[PDB]
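As a starting point, one isolated chain is supplied in structure tokens, in the form deposited in one PDB entry.
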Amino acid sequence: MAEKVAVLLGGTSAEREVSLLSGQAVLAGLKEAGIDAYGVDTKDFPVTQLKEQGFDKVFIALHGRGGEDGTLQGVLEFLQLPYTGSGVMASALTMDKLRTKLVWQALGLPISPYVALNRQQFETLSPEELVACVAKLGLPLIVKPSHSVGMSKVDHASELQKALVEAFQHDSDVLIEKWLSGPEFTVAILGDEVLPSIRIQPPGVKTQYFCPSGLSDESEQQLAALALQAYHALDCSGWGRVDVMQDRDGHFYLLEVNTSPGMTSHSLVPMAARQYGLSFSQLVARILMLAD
């Protein structure tokens, strides 16, 4: 009757080294709570054998490709093992910045004005026609692939073409967004509970996090309700984090949802959890409890 829990960690993606640390910490947190957990480095053990190996339940602490993008989640649904975080559709949809935006937009949720361009339009249209496509966005602009690399800030119209070429190296769909002044915030969600937001200050020569975020009580409440809508819009469950950006006018704009967040002692979700009053061990036991 007691459950054997596999903590999937490391793997083969670019984020392997961070995932080893998330996994190690999750493992020690689950053990502290009395959970019969085992570390499973998926670089050396194939996730297709988890069931044969005796596991009843899975905690996902991989990041990036093969971890948070739906592929692993599909394996686990095929094996019929319960697992933490979001299902197939949500894990994959949250990787696609265009379709994430489209869903949010149809629900009237705030996103930064933008224009999407596919490959066929890029090949069809002259640099001057492209400039006219995006004129209503004003300046400056952010150009990026829909699926980080290949991103540029465009300060005037003449710089657009170069930024579009670079972005179309990596993808057949590209986003041109109106630039936002910042700062950036992230909001962790655990089950139905929204945790305290964190303000992020990225380096300029190191990354700094502030929790409490510094927002007014009224702003926090708006941001919390917004994050929760953004998360439910994409059909996320279990847990995740919503990244939001402020503009000069103080309004929030939705960036993305991360469906397998970092769990190292320096990561964001543990920081918000601690501020909410949970120990790391309580956090991980709660995430696991939300898998059924």
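From 1 onward, residues are counted along the sequence shown. Rigid core: the largest C-alpha set superposing within 1.5 Å between the two forms.
For the cut-off of one third of the other compared entries, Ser213 stays well clear, since all of them model it along with its flanks. For the cut-off of one third of the other compared entries, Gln201 stays well clear, since all of them model it along with its flanks. Missing deposited residues between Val205 and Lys206: 10 or more, all without coordinates in the entry.
In the deposited sequence, the stretch from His147 to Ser148 hides 1 to 3 residues that have no coordinates. Across the two stretches, 227-235 and 240-248, the PDB entry reports the greater mean Cα temperature factor for 240-248. Remark: stretch with higher mean C-alpha B factor among 174-182 and 103-111 is 174-182.
For the set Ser86, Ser197, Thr94, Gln169, the PDB entry assigns the largest Cα B-factor to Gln169. The entry lists C-alpha B-factors for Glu193, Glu77, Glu220, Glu129, and the highest of these is at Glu129.
Remark: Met289 belongs to the middle third of its chain, ranked by C-alpha B-factor as recorded. When the modelled residues of the chain are ordered by C-alpha B-factor, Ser265 sits in the highest third. Per the PDB record, residue ranking by Cα B-factor puts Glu68 in the lowest third of the chain. In the PDB entry, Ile189 places in the lowest third of its chain by CA B-factor. In the PDB entry, a CA B factor belonging to the middle third of its chain's modelled residues is recorded for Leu215.
Not pictured, yet referred to below: the form deposited in another entry.
Large C-alpha shift between the shown form and the other one, rigid core held fixed: of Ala163, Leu93, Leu190, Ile198, this applies to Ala163 alone, with a displacement of 2 Å or more. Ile111: CA moves less than 2 Å between the shown form and the other one after rigid-core fitting.
The two forms, fitted on the rigid core, differ between the shown form and the other one by 2 Å or more at the CA of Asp173.
Shown in the overlay between the shown form and the other one, fitted on the rigid core, is a CA shift at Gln222 smaller than 2 Å.
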